[PDB]
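Below, in structure tokens: the form deposited in one PDB entry, a single chain.
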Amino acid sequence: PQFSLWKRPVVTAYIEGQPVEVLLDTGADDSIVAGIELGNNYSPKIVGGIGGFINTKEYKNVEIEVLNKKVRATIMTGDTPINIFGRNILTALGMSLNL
């Protein structure tokens, strides 16, 4: 698939079975999702963007299916105004920005 950036590139991913809409973002190192609970097994981490820092809960080896690809990876959870799939994910999917 090709995502011509004329529209925000939002896609549906399933995090361990639950579906969620995520922006594929090259300007993000990490993947942050709001609204799902992944448990007791987390490391607190703080993330940064425009406007500021937000605390997150880091989960490792989270199972993900997005774009007919099934991958396992790191996912943070936090109060993100929108769910982001960053470079850690896009790399695992073999996605790229081409010109």
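We number the residues from 1 along the sequence you see. Residues that one form lacks are left out of the comparison. Note that the rigid core is defined as the largest set of C-alphas that superpose within 1.5 Å between two forms.
Could you check which stretch, 79-87 or 21-29, carries the larger mean CA temperature factor in the entry? Of 21-29 and 79-87, the stretch with the higher C-alpha B-factor average is 79-87.
Is the Cα B-factor recorded for residue 47 in the lowest, middle or highest third of its chain? It belongs to the highest third of the chain when residues are ordered by C-alpha B-factor.
By the recorded C-alpha temperature factor, relative to the other modelled residues in its chain, which third is residue 64 in? Middle third of the chain for residue 64's C-alpha B-factor.
Quick one: classify residue 93 as lowest, middle or highest third of the chain based on its Cα B-factor. Its C-alpha B-factor belongs to the middle third of this chain's values.
By its CA B factor, does residue 36 count among the lowest, middle or highest third of the modelled residues in the chain? Tercile = highest for this residue's CA B-factor.
One more form of this protein exists, namely the form deposited in another entry; it is left out here, but the text below deals with it.
Can you tell which of 61, 55, 26, 68 moves its Cα by 2 Å or more between the shown form and the other one, with the two forms laid on the rigid core? By this measure, the answer is 55.
Counting only residues modelled in both forms, where do runs of 3+ with a CA shift of at least 2 Å appear between the shown form and the other one, relative to the core? Three-plus residue run displaced between the shown form and the other one: 48-55, uniquely.
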